[PDB]
Amino acid sequence: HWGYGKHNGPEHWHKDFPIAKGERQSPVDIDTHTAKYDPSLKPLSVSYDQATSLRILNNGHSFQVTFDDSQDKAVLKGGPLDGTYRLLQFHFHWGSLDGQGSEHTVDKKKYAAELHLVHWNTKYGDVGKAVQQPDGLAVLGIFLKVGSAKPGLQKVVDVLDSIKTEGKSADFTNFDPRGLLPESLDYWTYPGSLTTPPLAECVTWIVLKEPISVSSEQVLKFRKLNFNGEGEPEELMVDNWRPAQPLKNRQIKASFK
Ligand SMILES: O=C1NS(=O)(=O)c2ccccc21
Ligand SMILES: O=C1NS(=O)(=O)c2ccccc21
Ligand SMILES: [Zn+2]
């Protein structure tokens, strides 16, 4: 089964998932000097006021906070997107050290972690159908650097002890994901893929330029999670990131000058 270890990590994934070597794989390095300002891009619309979080789960490769997506409650619109995308879950990728952990890079710079807010296109009815479409998902990517604490993250970090190992979940209601956003919604966008198997090429990526700051204590608690299940040898959940993939025939567009 796939993971981030030495003989099941990203360099192995193509054997079970040939699309790993495909034409629009993610993440990528964002070369800021080559990204072109696109004046026809619209401002992002992030409408999270009615979000209903449900559960938090350790799935053995990250932890995810899940939302009620049976209605238009928390949606992403505008920007590069046509139509309405419902928030399904968010999760993170992070490192064993502050100098690595993000999946996207900016002029080859790696951040300590990366937040992915995953949304699916409501015209396809459910997320399973959406992942089979080239415009099925929109993922909002946000970089984390280590410095001052992010108050809106603390509720997440404080429940992680209760989902230490693979397969554990806990109630996680009334969490407001607006507390995870930076001030600016300036972004880069490009067509790409899931960054975990099955690596489906169904994602419009929207990566925010402004990172959020989190404290060393907050990210250290990420690194106390386990890849393994309860009663198995402990393997810390760290470095659960896929490295940058070939850009190939794609252009990254910027929403800002
Ligand atoms: O992602 C992973 N699954 S695993 O528990 O086999 C493991 C061990 C070491 C490093 C990473 C990983
Ligand atoms: O681990 C993931 N990174 S991602 O935002 O591309 C994504 C989308 C859907 C399911 C999982 C994942
Ligand atoms: Zn992700």
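Numbers for residues simply follow the sequence, beginning at 1. First listed ligand is number 1; within each ligand, the first listed atom is number 1.
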Regarding [X] and [Y], does a basic nitrogen lie under 4.0 Å from an acidic carboxylate oxygen?
X: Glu23; Y: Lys248; value: yes
X: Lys123; Y: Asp82; value: no
X: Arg223; Y: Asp98; value: yes
X: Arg242; Y: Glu114; value: no

Contact atoms of ligand 2, heavy-atom distance to [X] under 4.0 Å:
X: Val139; answer: 5 (O)
X: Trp205; answer: 5 (O), 6 (O)
X: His93; answer: 1 (O), 3 (N)

Problem set entry | Subset of ligand 1 atoms that lie under 4.0 Å from at least one heavy atom of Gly3 | 1 (O)
For this session: Taking only heavy atoms of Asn8 into account, list the atoms of ligand 1 that are under 4.0 Å away from them.
Result: 3 (N), 6 (O)
For [atom], closest protein heavy-atom neighbour:
atom: atom 5 (O) of ligand 1; value: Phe227 CB, 3.6 Å
atom: atom 10 (C) of ligand 2; value: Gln89 NE2, 3.9 Å
atom: atom 1 (O) of ligand 2; value: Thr196 OG1, 3.1 Å
atom: atom 9 (C) of ligand 1; value: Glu235 OE1, 4.1 Å
atom: atom 8 (C) of ligand 2; value: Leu194 CD2, 3.5 Å

Exercise. With a cut-off of under 6.0 Å to the ring centre and 45° to the axis, is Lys209 in cation-pi contact with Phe256?
Worked result: yes
Exercise. Is the backbone N or O of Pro243 less than 3.5 Å from a side-chain atom of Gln245, with the two atoms forming a donor-acceptor pair by type?
Worked result: yes
For this session: Mark yes or no for whether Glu210, through its side chain, and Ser184, through its backbone, hold a donor-acceptor pair below 3.5 Å.
Result: yes
Problem set entry | For ligand 1, the portion of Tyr4 having any non-hydrogen atom under 4.0 Å away | both
Checking the N or O distance criterion of under 3.5 Å, is ligand 2 in contact with [X]?
X: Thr195; value: yes
X: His116; value: yes
X: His91; value: yes

Exercise. More than 12 non-hydrogen atoms from neighbouring residues, nucleotides or ligands closer than 6.0 Å to NZ on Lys253, yes or no?
Worked result: yes
Exercise. Any luck finding a side-chain donor-acceptor pair between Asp16 and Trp2 under 3.5 Å?
Worked result: no
